[PDB]
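Residue numbers (the UniProt record's numbering), protein chains in the order written: chain A, 340 to 435; chain B, 968 to 1015; chain C, 968 to 1015.
Ideal placement from N, C-alpha and C gives every residue a C-beta, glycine not left out.
Just below is one structure, and these are the notes that go with it.
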Amino acid sequence: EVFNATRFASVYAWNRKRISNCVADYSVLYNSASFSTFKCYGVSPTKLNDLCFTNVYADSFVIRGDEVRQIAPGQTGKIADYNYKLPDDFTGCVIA
Amino acid sequence: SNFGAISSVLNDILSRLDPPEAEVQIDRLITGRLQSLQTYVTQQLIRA
Amino acid sequence: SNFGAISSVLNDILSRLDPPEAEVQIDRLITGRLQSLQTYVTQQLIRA
């Protein structure tokens, strides 16, 4: 329901899906659908199983391909200024 | 203290981030800890 | 002094650049002024 779905929200009216009390794994996501930019800031994608997070928030939204670089801690533009902007000391990363 | 970084201890960034990417954060923590150690040594030398 | 940066005071870089971009320049000015202050109090402690 969080990856490879058919209906998402917008960039200003996104939903904060509560993902907690479960086994959050990253190695079981490559068989569902291919990911274009698996970039992650502040956390490594290979160290997701060694550690354990708490109250994972799922923010899903569909944007244009030209705005894929604005989702970063400290960018500027039309999404990083007028829309949901990632914090500076933001832990967590994005799957697009 | 973070010394201008995202975390304080090196074990935190080494557990969440990768060494090839968090190398600048480790270097800032080492230089920050070395500066505090140098200040404490100079203070102890004056007290001695 | 610039301490290895493009300007001396933080009010100049904060007006031409954004804080998310000029964060490294402000950090270099802070650790540069802190090092000079550490040297000044060291000389003052020796003079005292």
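Local Cβ density within 10 Å of residue i, reported as buried at 16 or more and exposed below that
i	result
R983/B	buried
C391/A	exposed
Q1010/B	exposed
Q1005/B	exposed
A1015/B	exposed
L1012/B	exposed
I973/C	exposed
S383/A	buried
7 Å Cβ cutoff, residue i in contact with chain A
i	result
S982/B	yes
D994/B	no
DSSP-derived helix/strand/coil call for residue i
i	result
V395/A	strand
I358/A	strand
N422/A	coil
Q414/A	coil
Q992/B	helix
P986/C	coil
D389/A	coil
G999/C	helix
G404/A	helix
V433/A	coil
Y1007/C	helix
Beta carbon proximity, residue i to chain B, threshold 7 Å
i	result
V395/A	no
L1012/C	yes
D428/A	yes
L425/A	no
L390/A	yes
CA nearest to the CA of residue i, picked from the options
i	options	result
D389/A	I402/A, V362/A, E406/A	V362/A
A435/A	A372/A, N360/A, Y423/A	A372/A
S359/A	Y421/A, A397/A, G431/A, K424/A	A397/A
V407/A	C379/A, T430/A, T345/A	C379/A
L368/A	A344/A, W353/A, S349/A, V382/A	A344/A
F342/A	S399/A, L387/A, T430/A	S399/A
residue 495/A	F377/A, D364/A, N422/A	Limits of chain A in this structure are 340 at one end and 435 at the other, which puts residue 495/A out of reach.
Amino acids of chain B, ordered along the chain, whose beta-carbon sits closer than 8 Å to that of residue i
i	result
residue 439/A	There is simply no residue 439/A to check, as chain A begins at 340 and stops at 435 in what is shown.
Under 7 Å from the C-beta of residue i: neighbouring residues of chain B
i	result
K378/A	By Cβ distance, chain B contributes nothing, its closest Cβ being about 11 Å from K378/A, past 7 Å.
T345/A	Chain B residues near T345/A: none, gap ~32 Å exceeds 7 Å.
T1009/C	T1009
Closer than 7 Å to chain E by CB, residue i
i	result
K378/A	Absent from the structure: chain E. Protein chains present are A, B and C.
Partners in chain B for residue i, counting only beta-carbon separations shorter than 9 Å
i	result
residue 450/A	For chain A, the structure presents residues 340 to 435; residue 450/A sits outside this window and is missing.
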